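**Student:** Chains as they are written, first to last, in PDB author numbering: chain b, 4 to 126; chain a, 2 to 176; chain f, 1 to 138; chain t, 2 to 37.
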Amino acid sequence: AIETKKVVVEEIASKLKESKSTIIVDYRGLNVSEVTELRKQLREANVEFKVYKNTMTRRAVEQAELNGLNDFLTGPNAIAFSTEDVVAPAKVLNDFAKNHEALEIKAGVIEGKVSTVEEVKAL
Amino acid sequence: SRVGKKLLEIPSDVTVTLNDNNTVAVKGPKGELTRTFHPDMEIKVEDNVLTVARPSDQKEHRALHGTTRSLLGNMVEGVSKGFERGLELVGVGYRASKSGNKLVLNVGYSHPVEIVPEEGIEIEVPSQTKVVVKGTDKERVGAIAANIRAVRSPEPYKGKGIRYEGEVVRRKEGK
Amino acid sequence: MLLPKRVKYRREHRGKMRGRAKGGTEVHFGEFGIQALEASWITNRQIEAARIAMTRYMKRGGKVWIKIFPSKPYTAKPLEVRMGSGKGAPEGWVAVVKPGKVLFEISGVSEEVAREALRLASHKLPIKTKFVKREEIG
Amino acid sequence: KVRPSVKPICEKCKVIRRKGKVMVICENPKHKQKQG
RNA sequence: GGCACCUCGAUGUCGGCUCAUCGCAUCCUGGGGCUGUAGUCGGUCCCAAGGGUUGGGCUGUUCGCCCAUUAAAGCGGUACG
RNA sequence: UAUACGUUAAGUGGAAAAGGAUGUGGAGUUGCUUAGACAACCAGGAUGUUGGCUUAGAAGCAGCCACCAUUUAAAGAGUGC
RNA sequence: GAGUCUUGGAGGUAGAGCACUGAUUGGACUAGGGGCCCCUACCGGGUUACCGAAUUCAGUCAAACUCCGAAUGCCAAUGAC
Ligand SMILES: [Mg+2]
Ligand SMILES: [Mg+2]
Ligand SMILES: [Mg+2]
Ligand SMILES: [Mg+2]
Ligand SMILES: [Mg+2]
Ligand SMILES: [Mg+2]
Ligand SMILES: [Mg+2]
Ligand SMILES: [Mg+2]
Ligand SMILES: [Mg+2]
Ligand SMILES: [Mg+2]
Ligand SMILES: [Mg+2]
Ligand SMILES: [Mg+2]
Ligand SMILES: [Zn+2]
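Spelled out as structure tokens, the structure:
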């Protein structure tokens, strides 16, 4: 448990900037779909659209004790980091809908994350 | 982990009954079920809770302590709804039919083969190319389906005979 | 086929094989090798029979180091003969091995390859061996 | 395939014991074998 | 083949005949697993000793070759019974 | 049919070796791990991309570039069938 | 006469080692040339991947090899029991 200290102290600066974030389903992720969607994110902005999937709940509990006290109940749940570190997120909401409706990637248990104090219905 | 450490609920109509020498029985909406256990092992039940208290660790105690729990699980499941297993039948004309209570199968043999089940288990036939056994316990339907399958084992060169409801057989080539 | 060019005499007592190995009981010309846990008479064909396999399995990356050498000669009388009336005719050469002597050696290959090669060579010899690596302190 | 030395061939051969004997069972029945 | 412990005030050896009996490392019949087994025939391995296991030509012959059959024409011990 | 503590489950004891193996009793060395370990179940396992290459795609194992880096949550551009 | 304890001798076995006689493993140096070619035409040189006398580095053996070397056994001495 050495490098885990490193990553849990690194992600502070990562989570201390954004406003809006959204959650991705864990399973039913096609590497073909994964590369197409990550190249789509590539053609929009940088990799700031997180796909971090080494994300057991304890990094959440040791990272977001300051703000966003909701992920604890989504611990035993399909989790995949995806945040917004660029201009106001609406186009990412459109990509999310057109990726998550019925084709090759399921929404499932997705409910979004917090802007300042909110759970669902992002605009 | 271990399977002899999990928990087991008890539905409403399902009623277990403890007795001396650890010979638990069950009364349910589908029949009774009695099964004696090992005398040494301790069985203890609470409302919607099953417990198997194990004495000092040994080589055979860690085995019995899971065996009894698995058996109680199978028992409560069978008395709740029961088990079943179908039997696909490919043939090139191999067909089974019904006759009273027994079973008859016209496999490629030169005389009809008769199969009769014991009491407490029934053999239903939904169509002339499928057999489905139904019963309370699990070992009973298991043995009956095995004895029905062992009339005509599936030939590997081409699917021919009795086979389980969902299974893959290997295939060679003949010329 | 290994054998000495010249020798003093051509017949000789069979000797005895009690004790341990006087020397040669440490791998230093290489990295790995097989040790001897018992005492026997390694012949002249068993050595090359093991050597061909040991060098064929490997990819000639590392080179092998045979340490023993058939020196002592042994004889055998012709068949269907009574006892007595002289000593027999020389037949072949052998090599005396005592518990603890390092027989073969490999160096310049990896560890798993060396282990498997030495194991494949150990099945052609009449003794029970064990795999020993070079002393680390030197 | 009876032989006094049984050991898996492919990666998916298991090794079990029955009645005090050593058996190697697999899915490809060319590999099934029993010691002694 | 080796040795020379027993038998020199005596045991005489090979084939065939009459009669057999035992072992299994099974020739046939019985039950199985894998197969480079489509079927009919085969191969190799496992269990199995209950019964069965030929008539001639040549040679003193054991051995051996050949003819015609047979489900099969087993290998050995018993002072090479 | 003494006292005390252990070992063996084969009737080992109460006839053999090379070699084989999640039998069992010990003493160690040693990696990972309630930032969560192994199993099991729910996931996917190719993109300047099969790219320079070859009988036919060889598009994974005609068979030769260390047939490479990338998208990265991750891929040998194949572990085998 | 005998045993034992002190004291002194002769003698190269077990064991070890390479100081001599031989057998030998791998490196450095590999001399002087060896075959090929520049052409040894009449030089020298790249390899002789040297066949190899030297030496050296280390590493193994020996009933008819010793720079060494016991425990026993043997021969006496003056004292004691
Ligand atoms: Mg030395
Ligand atoms: Mg005599
Ligand atoms: Mg004598
Ligand atoms: Mg007598
Ligand atoms: Mg007489
Ligand atoms: Mg048999
Ligand atoms: Mg005539
Ligand atoms: Mg006779
Ligand atoms: Mg006899
Ligand atoms: Mg015994
Ligand atoms: Mg000596
Ligand atoms: Mg000497
Ligand atoms: Zn297999």
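Where a beta carbon is used, it is the ideal one built from N, C-alpha and C, also for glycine.
Closest to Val89(b) by C-alpha separation, out of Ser22(b), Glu14(b) and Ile26(b), would be which residue?
**Tutor:** The shortest CA-to-CA distance from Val89(b) to any of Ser22(b), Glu14(b) and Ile26(b) is the one to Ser22(b).
**Student:** Among the candidates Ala91(b), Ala48(b), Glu13(b) and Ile82(b), whose CA atom is the shortest distance from the CA of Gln66(b)?
**Tutor:** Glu13(b)
**Student:** Excluding the 5 residues preceding and the 5 following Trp65(f) in the sequence, name in chain order all residues of the same chain whose CB lies nearer than 6 Å to its CB.
**Tutor:** Counting only Cβ-Cβ distances below 6 Å, and skipping sequence neighbours, we find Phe29, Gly30 and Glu105.
**Student:** Quick check: what's the CA-CA separation for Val114(a) versus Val105(a)?
**Tutor:** Rounded to the nearest angstrom, the two C-alpha atoms are 6 Å apart.
**Student:** Tell me which same chain residues have a C-beta within less than 6 Å of the C-beta of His39(a), skipping the five on either side of it?
**Tutor:** Counting only Cβ-Cβ distances below 6 Å, and skipping sequence neighbours, we find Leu65.
**Student:** Check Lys133(f) in the structure and name its three-state DSSP category.
**Tutor:** strand
**Student:** Among residues of its own chain, excluding the 5 on either side of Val50(a), which ones have a beta-carbon nearer than 7 Å to its beta-carbon?
**Tutor:** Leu8
**Student:** Is there contact between the segment 74-88 of chain a and the segment 27-45 of chain a, where contact requires at least three CB pairs shorter than 8 Å?
**Tutor:** Three or more Cβ pairs drawn from the segment 74-88 of chain a and the segment 27-45 of chain a lie within less than 8 Å of each other, which places the two stretches in contact.
**Student:** Drop a sphere of 10 angstroms on the beta-carbon of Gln34(t), count the other beta-carbons inside from all chains shown, and report buried for 16 or more, exposed for fewer.
**Tutor:** Buried is the call here.
**Student:** Are the beta-carbon atoms belonging to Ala117(f) and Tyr57(f) less than 8 Å from one another?
**Tutor:** Yes, the Cβ-Cβ distance between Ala117(f) and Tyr57(f) is below 8 Å.
**Student:** Given the structure, does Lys99(a) come close to ligand 13, in the sense that its CB is under 7 Å from one of the ligand's heavy atoms?
**Tutor:** Ligand 13 never approaches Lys99(a) closely enough for any of its heavy atoms to be under 7 Å from the residue's Cβ.
**Student:** Check whether the segment 76-84 of chain b and the segment 51-61 of chain b are in contact - that is, three or more C-beta pairs closer than 8 Å.
**Tutor:** yes
**Student:** Put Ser40(f) into one of helix, strand or coil per three-state DSSP.
**Tutor:** strand
**Student:** Along the chain, where does the alpha helix (DSSP H) that runs through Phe99(b) open and close?
**Tutor:** It spans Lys94 to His103 - the alpha helix (DSSP H) in which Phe99(b) sits, taken as one unbroken run.
**Student:** Using beta-carbon positions only, say whether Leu88(a) and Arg150(a) come within less than 8 Å of one another.
**Tutor:** yes
**Student:** If you draw a straight line from the alpha carbon of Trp93(f) to that of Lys8(t), how long is it in whole angstroms?
**Tutor:** 37 Å
**Student:** How about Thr129(f) and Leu37(f): are their beta carbons less than 8 Å apart?
**Tutor:** Contact check for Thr129(f) against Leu37(f) passes: the beta carbons are separated by less than 8 Å.
**Student:** With 16 other CB atoms within 10 Å as the buried threshold, where does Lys116(b) fall?
**Tutor:** buried
**Student:** Output needed for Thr24(a): all residues of its chain with C-beta closer than 6 Å, excluding positions within five of it in sequence on either side, in chain order.
**Tutor:** Around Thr24(a): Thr37.
**Student:** By DSSP's criteria, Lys22(f) is part of a beta bridge. Which residues make up the other side?
**Tutor:** Answer by DSSP bridge pairing: none, since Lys22(f) is not bridged.
**Student:** Can you tell which of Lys133(f), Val109(f) and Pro90(f) has the C-alpha that lies nearest to the C-alpha of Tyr9(f)?
**Tutor:** Distances from the CA of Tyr9(f) to each of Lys133(f), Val109(f) and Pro90(f) were compared; the closest alpha carbon is that of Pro90(f).
**Student:** In chain order, what residues of the same chain lie with their CB nearer than 8 Å to the CB of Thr75(f), ignoring the 5 residues before and after it?
**Tutor:** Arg11, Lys87, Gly88, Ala89, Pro90 and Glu91.
**Student:** For the pair the segment 17-34 of chain b and the segment 90-109 of chain b, tell me if three or more CB-CB distances fall below 8 Å.
**Tutor:** yes
**Student:** Among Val96(f), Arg134(f) and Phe131(f), which has the Cα closest to the Cα of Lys22(f)?
**Tutor:** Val96(f)
**Student:** Let me know if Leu73(a) comes out buried or exposed under the rule of 16 or more other beta-carbons within 10 Å of its beta-carbon.
**Tutor:** Buried, because 16 or more other Cβ atoms sit within 10 Å of the Cβ of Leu73(a).
**Student:** Is it buried or exposed for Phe32(f), if we count other Cβ within 10 angstroms and need 16 for buried?
**Tutor:** buried
**Student:** Could you check if residue 207(f) belongs to the surroundings of ligand 1, using beta carbon to heavy atom distance under 7 Å?
**Tutor:** Absent from the model: residue 207(f). The displayed extent of chain f is 1 to 138, so no value can be given.
**Student:** Give me the residue from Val132(f), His123(f), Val7(f) and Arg134(f) with the minimum Cα distance to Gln46(f).
**Tutor:** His123(f)
**Student:** Give the secondary structure of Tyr95(a) by DSSP, where H, G and I count as helix, E and B as strand, and everything else as coil.
**Tutor:** coil
**Student:** Rounded to a whole number of angstroms, what is the C-alpha to C-alpha distance between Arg18(f) and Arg60(f)?
**Tutor:** Cα to Cα, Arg18(f) sits roughly 37 Å from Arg60(f).
**Student:** Can you give the Cα-Cα distance for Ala110(b) and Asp29(b), rounded to whole angstroms?
**Tutor:** 10 Å
**Student:** Could you tell me how far apart the beta carbons of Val120(b) and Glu114(b) are, in whole angstroms, since I believe they sit closer than 8 Å?
**Tutor:** Taking the Cβ atoms as the reference, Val120(b) lies roughly 15 Å from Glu114(b), outside the contact range of under 8 Å.
**Student:** Between the Cα of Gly78(b) and those of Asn70(b), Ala91(b), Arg62(b) and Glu87(b), spot the shortest distance and give me the residue it belongs to.
**Tutor:** Looking at the Cα atoms, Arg62(b) is the closest of the given residues.
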